[PDB]
Each structure stands twice: as C-alpha cells, then as structure tokens.
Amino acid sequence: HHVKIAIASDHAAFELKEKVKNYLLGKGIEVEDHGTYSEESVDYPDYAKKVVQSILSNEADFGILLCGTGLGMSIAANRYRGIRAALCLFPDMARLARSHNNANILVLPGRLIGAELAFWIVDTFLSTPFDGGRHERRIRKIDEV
C-alpha cells in the first residue's frame, strides 16, 4: 500500500472517480484528489495538467485520469514529455501499459466501464512492473520529439 496516487476527472467521470478513490482509500493507499469535486461542467485538460504536474514533480508515483471515454485525458496528458498515459478498457491493457510502456498514468473511461472492472484495471496497473528490455528504447524515443 506504499504507493501514492494523484487522481482527477471531469464532471462526466466524477462518479467513477469517486468510486476509484474510495476503493484505493479502503486499501490504505495515499490518494490526492485534484478534482473535479462535483458534476458541474468543467474542461478535462485543466484536470490532466494537475495530475501531470504531480507526476513530473515526483509528488505522486502514479496518476489516474478519467473522463467520459478516456479519449480527452489520453490526448491532453500525453502532451507532456515524461508522461505515459494509457487508456485501458480491461486489465490486460493495464498489464501491457506497465510491462511495455512503463505507463505512469492510467486513464479510465468513466461512462463506458463498470466500477468493478475499473478496480481490476487499477489493481493490475499498480501491481505490474516494467519489463525494461527492448521497450526502453521505445519509451525514450517517445520523448525525442
């Protein structure tokens, strides 16, 4: 449980964000919730930036970003060198995001998946090591922009 998560969502994925946060808190995982804090309409990139800043500053180990489909977050967060944000719809995607892409942000679709599936994806994401190997060159090439 000694892993620190920075989490954020827009209004469309607020409900799932809350469930994921509470799931983590229930395991004694340290969670910083960057919002949003209601279902009033907000813009996803504002929230991507808060989690990004926390990862780039080494203030959290992993990020979790959520919007309706995950697409907006997957686009906004990956604007930043050093960020590898992975939109995962089932656990094997999270496994590979970690194993192959050394992903540091998990992106979830708040209107598309169920909470219990989200929890399995989160557990896989947080418990899978990076394989290194031939993947390392590829991850470095992402940031050779």
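Numbering starts at 1 and runs along the sequence shown.
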Subject >> Greater mean Cα temperature factor according to the PDB record, 52 to 60 or 95 to 103 >> reply: 52 to 60
Subject >> Ranked C-alpha temperature factor of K4 among modelled chain residues, by third >> reply: middle
**OP:** Could you look up the Cα B-factor of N78 in the entry and say which third of the chain it sits in: lowest, middle or highest?
**Re:** lowest
Original post:
Would the CA B-factor of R84 place it in the lowest, middle or highest third of its chain?
Top reply: lowest
**OP:** Within this chain's modelled residues, let me know which third the CA B factor of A12 belongs to: lowest, middle or highest.
**Re:** highest
**OP:** Relative to the other modelled residues of the same chain, rank the CA B-factor of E18 and answer lowest, middle or highest third.
**Re:** middle
